[PDB]
Amino acid sequence: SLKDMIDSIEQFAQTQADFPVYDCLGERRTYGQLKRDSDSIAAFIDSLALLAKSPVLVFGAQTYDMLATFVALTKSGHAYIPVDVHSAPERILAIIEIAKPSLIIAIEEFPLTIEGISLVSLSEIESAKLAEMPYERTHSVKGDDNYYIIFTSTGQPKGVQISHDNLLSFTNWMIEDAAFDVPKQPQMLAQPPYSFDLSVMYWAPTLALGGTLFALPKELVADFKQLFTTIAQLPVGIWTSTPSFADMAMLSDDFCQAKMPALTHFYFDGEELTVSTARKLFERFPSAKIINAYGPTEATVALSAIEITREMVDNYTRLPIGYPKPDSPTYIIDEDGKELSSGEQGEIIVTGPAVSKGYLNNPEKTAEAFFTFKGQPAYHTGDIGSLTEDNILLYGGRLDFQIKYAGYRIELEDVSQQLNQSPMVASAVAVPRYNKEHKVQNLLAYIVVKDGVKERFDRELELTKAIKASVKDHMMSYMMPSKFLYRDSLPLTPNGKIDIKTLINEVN
Ligand SMILES: Nc1ncnc2c1ncn2[C@@H]1O[C@H](COP(=O)(O)OP(=O)(O)OP(=O)(O)O)[C@@H](O)[C@H]1O
């Protein structure tokens, strides 16, 4: 039972000094090296004489130096704020205005100029490792101390603060959980950027269990042909990503058990995992375990998980989001805040030791979303779901996407997953068209169809009717959207999710 994240990696430094913690394409760093480098960087940090417990902004991609630096900031009592290299500069500016970092560490080159705050170069961070200064922990981040602050975009950005205690509640669960079923010294693909709290689903278990991270070069992240081929050469056992990223992977010929024989586990979190995605996945990898995991950043990465089965792919029309965690009581509530019994629909709220203390310096949004329930810190997820008698959590969608149409209670994500049932559809997004009144004139759907479908059909109209014919026996009549918008792929957010908002806007 994990007592402290640092202690763990300190132990792997004695116990397994020569085992690799990091790998970028055969270039490697070890647990012994991570201790040595992070100790030296911590000493560097203390020498700067910053405000105690002030947060530090760390700008970069996925290199070894990001991690070594994170660990140093932890050792030396400072929350880190991962900002990813591909961020809008106005966004980077926003984070700084909100968070008031005492320092910025530019692990990759920093494309803004602000006087006011100290800036530390990559070359400086390198020099520090190579100086090899020792380090004695005396004022490491503990208890409810901020460990990291991740920024969430709804439009305007907010900074979720996650404590050492929050992180340990998530991590102890992950590594004991029968769905996740994490192997010793796990060999984890490290695709999600550090600025997305999904990165935690790989670094925290890995470090807690003595594994190895497999990172990719930043210049490789836009070349989609090379990316999946390069990935396939890697001895990775676990794939951690958003469902979308794996849909993208599903185009490559090489994303199969044949070319990736070490890969046994898929960990998905962040957006709906689709029945089809799981289907294609099991074809490509018949033996692999698949895990859907759920939660907002505000409750430390994920609060429920469950293993997805073939029974589940053969029968369900939507995949469940799993067993809530023992230490995080989860509840369904109506619009007057009363707790409902199993099967009924309402907001998903979560409580307990993994619930963030709130957004940094945004007391208004904090007061909207965080509150106390049954004596315990709680968070409004904004999601509609339900809990079953056997305690499995089910996902309905976002409150902001429950709409009224022909005076109804329509969940957009329902129309989407209904349409995704059709054999000719890869990915479907139902979307509202408005008029002058902020009222709903009609439903539309964006459609991406499967391979060899576009070419069995001479005209869009045959296709649309063929599609509607394939799920009319299931779909209620008021829910079938009238118009389809075909696309070859869907836009994604920086974090790799289907960009529902932008899709809604491009029709209004
Ligand atoms: N397994 C899942 N299935 C369905 N939906 C999910 C799942 N996991 C997460 N979500 C959705 O993602 C939300 C969490 O969002 P998150 O904390 O990533 O921030 P965000 O506001 O979506 O933007 P960003 O990703 O940039 O932070 C949940 O509210 C839920 O709507």
# chains A, B, ... in the order shown; residues from 1 in each chain; ligands from 1
>>> residues_near_ligand(ligand="ligand 1", cutoff="7 Å", atoms="only C-alpha atoms and all ligand atoms", output="PyMOL selection string")
chain A and resi 151-154+196+268-273+292-298+321+381-383+395+397-398+495
>>> write_last_selection(atoms="C-alpha atoms", output="PDB file, in the first residue's frame")
ATOM      1  CA  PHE A 151      -5.778  22.931 -16.679  1.00  0.00           C
ATOM      2  CA  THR A 152      -9.064  22.005 -18.137  1.00  0.00           C
ATOM      3  CA  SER A 153     -10.664  23.910 -20.997  1.00  0.00           C
ATOM      4  CA  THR A 154     -16.760  24.861 -21.890  1.00  0.00           C
ATOM      5  CA  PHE A 196      -3.858  16.079 -19.894  1.00  0.00           C
ATOM      6  CA  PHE A 268      -9.275   3.919 -22.114  1.00  0.00           C
ATOM      7  CA  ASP A 269     -10.518   7.041 -20.362  1.00  0.00           C
ATOM      8  CA  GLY A 270     -11.667  10.544 -21.352  1.00  0.00           C
ATOM      9  CA  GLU A 271     -14.615  10.113 -23.737  1.00  0.00           C
ATOM     10  CA  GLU A 272     -17.180   7.526 -24.604  1.00  0.00           C
ATOM     11  CA  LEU A 273     -15.679   4.203 -25.609  1.00  0.00           C
ATOM     12  CA  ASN A 292     -13.174   1.590 -19.945  1.00  0.00           C
ATOM     13  CA  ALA A 293     -12.436   4.041 -17.173  1.00  0.00           C
ATOM     14  CA  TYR A 294     -14.227   7.194 -16.216  1.00  0.00           C
ATOM     15  CA  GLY A 295     -13.947  10.447 -14.411  1.00  0.00           C
ATOM     16  CA  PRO A 296     -13.282  14.170 -14.587  1.00  0.00           C
ATOM     17  CA  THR A 297      -9.920  15.704 -13.766  1.00  0.00           C
ATOM     18  CA  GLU A 298     -11.612  17.142 -10.715  1.00  0.00           C
ATOM     19  CA  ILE A 321     -18.317   2.973 -17.276  1.00  0.00           C
ATOM     20  CA  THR A 381     -19.551  15.911 -12.697  1.00  0.00           C
ATOM     21  CA  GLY A 382     -21.996  17.599 -15.130  1.00  0.00           C
ATOM     22  CA  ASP A 383     -22.657  14.092 -16.483  1.00  0.00           C
ATOM     23  CA  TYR A 395     -23.123   6.759 -18.792  1.00  0.00           C
ATOM     24  CA  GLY A 397     -23.905  12.081 -21.430  1.00  0.00           C
ATOM     25  CA  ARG A 398     -23.435  15.689 -20.451  1.00  0.00           C
ATOM     26  CA  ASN A 495      -6.112  16.095 -25.744  1.00  0.00           C
TER      27      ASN A 495
END
>>> select_by_dssp(residues="range 16-129 of chain A", states="strand (DSSP E or B)", output="PyMOL selection string")
chain A and resi 20-24+27-30+56-60+80-84+103-106+118-121
>>> residues_around(residues="residue 326 in chain A", least_positions_apart="4", cutoff="10 Å", atoms="only C-alpha atoms", output="ChimeraX atom specification")
/A:169,173,303-304,330,352
>>> residues_around(residues="range 455-468 of chain A", least_positions_apart="5", cutoff="7 Å", atoms="only C-alpha atoms", output="ChimeraX atom specification")
/A:422,424,484
>>> residues_around(residues="range 31-34 of chain A", least_positions_apart="6", cutoff="8 Å", atoms="only C-alpha atoms", output="list in words")
residues 9, 12, 13, 14, 16, 17, 18, 19, 20, 21 and 68 of chain A
>>> decode(residues="range 231-286 of chain A", atoms="C-alpha atoms", output="mmCIF file, in the first residue's frame")
data_model
loop_
_atom_site.group_PDB
_atom_site.id
_atom_site.type_symbol
_atom_site.label_atom_id
_atom_site.label_comp_id
_atom_site.auth_asym_id
_atom_site.auth_seq_id
_atom_site.Cartn_x
_atom_site.Cartn_y
_atom_site.Cartn_z
ATOM 1 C CA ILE A 231 4.725 2.721 -32.221
ATOM 2 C CA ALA A 232 4.474 -0.898 -33.459
ATOM 3 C CA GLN A 233 8.274 -1.409 -33.233
ATOM 4 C CA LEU A 234 8.039 -0.730 -29.434
ATOM 5 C CA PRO A 235 8.047 -3.512 -26.808
ATOM 6 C CA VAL A 236 4.944 -2.060 -25.093
ATOM 7 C CA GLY A 237 2.602 -4.177 -22.990
ATOM 8 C CA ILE A 238 0.014 -1.520 -22.161
ATOM 9 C CA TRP A 239 -1.658 1.045 -24.421
ATOM 10 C CA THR A 240 -3.195 4.026 -22.602
ATOM 11 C CA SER A 241 -5.203 6.596 -24.576
ATOM 12 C CA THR A 242 -8.525 8.149 -25.471
ATOM 13 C CA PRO A 243 -10.894 5.907 -27.486
ATOM 14 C CA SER A 244 -10.400 8.263 -30.462
ATOM 15 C CA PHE A 245 -6.665 7.849 -30.660
ATOM 16 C CA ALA A 246 -7.199 4.144 -30.997
ATOM 17 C CA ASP A 247 -9.735 4.704 -33.775
ATOM 18 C CA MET A 248 -6.952 6.600 -35.582
ATOM 19 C CA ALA A 249 -4.615 3.678 -34.862
ATOM 20 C CA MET A 250 -7.161 1.317 -36.402
ATOM 21 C CA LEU A 251 -6.282 2.667 -39.887
ATOM 22 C CA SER A 252 -2.658 1.396 -39.780
ATOM 23 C CA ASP A 253 -2.081 -2.174 -41.023
ATOM 24 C CA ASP A 254 0.422 -2.655 -38.178
ATOM 25 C CA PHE A 255 -1.934 -2.019 -35.276
ATOM 26 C CA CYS A 256 -2.492 -5.743 -34.705
ATOM 27 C CA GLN A 257 -1.368 -8.546 -32.405
ATOM 28 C CA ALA A 258 0.877 -9.738 -35.223
ATOM 29 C CA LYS A 259 3.157 -6.713 -35.260
ATOM 30 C CA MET A 260 2.740 -5.875 -31.539
ATOM 31 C CA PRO A 261 2.956 -9.207 -29.731
ATOM 32 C CA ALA A 262 3.761 -7.737 -26.292
ATOM 33 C CA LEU A 263 0.607 -5.583 -26.104
ATOM 34 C CA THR A 264 -1.952 -7.182 -23.784
ATOM 35 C CA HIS A 265 -3.846 -4.315 -22.139
ATOM 36 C CA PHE A 266 -5.790 -1.264 -23.355
ATOM 37 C CA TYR A 267 -6.704 1.430 -20.867
ATOM 38 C CA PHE A 268 -9.275 3.919 -22.114
ATOM 39 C CA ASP A 269 -10.518 7.041 -20.362
ATOM 40 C CA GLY A 270 -11.667 10.544 -21.352
ATOM 41 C CA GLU A 271 -14.615 10.113 -23.737
ATOM 42 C CA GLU A 272 -17.180 7.526 -24.604
ATOM 43 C CA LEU A 273 -15.679 4.203 -25.609
ATOM 44 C CA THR A 274 -17.868 2.998 -28.434
ATOM 45 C CA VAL A 275 -19.205 -0.521 -28.910
ATOM 46 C CA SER A 276 -17.597 -0.666 -32.431
ATOM 47 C CA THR A 277 -14.198 0.518 -31.263
ATOM 48 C CA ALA A 278 -14.175 -2.389 -28.789
ATOM 49 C CA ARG A 279 -15.323 -4.681 -31.605
ATOM 50 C CA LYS A 280 -12.550 -3.679 -34.055
ATOM 51 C CA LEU A 281 -10.108 -3.833 -31.129
ATOM 52 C CA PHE A 282 -10.848 -7.498 -30.294
ATOM 53 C CA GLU A 283 -10.426 -8.429 -33.986
ATOM 54 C CA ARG A 284 -7.035 -6.766 -34.162
ATOM 55 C CA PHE A 285 -6.106 -8.214 -30.714
ATOM 56 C CA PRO A 286 -8.159 -11.293 -29.773
#
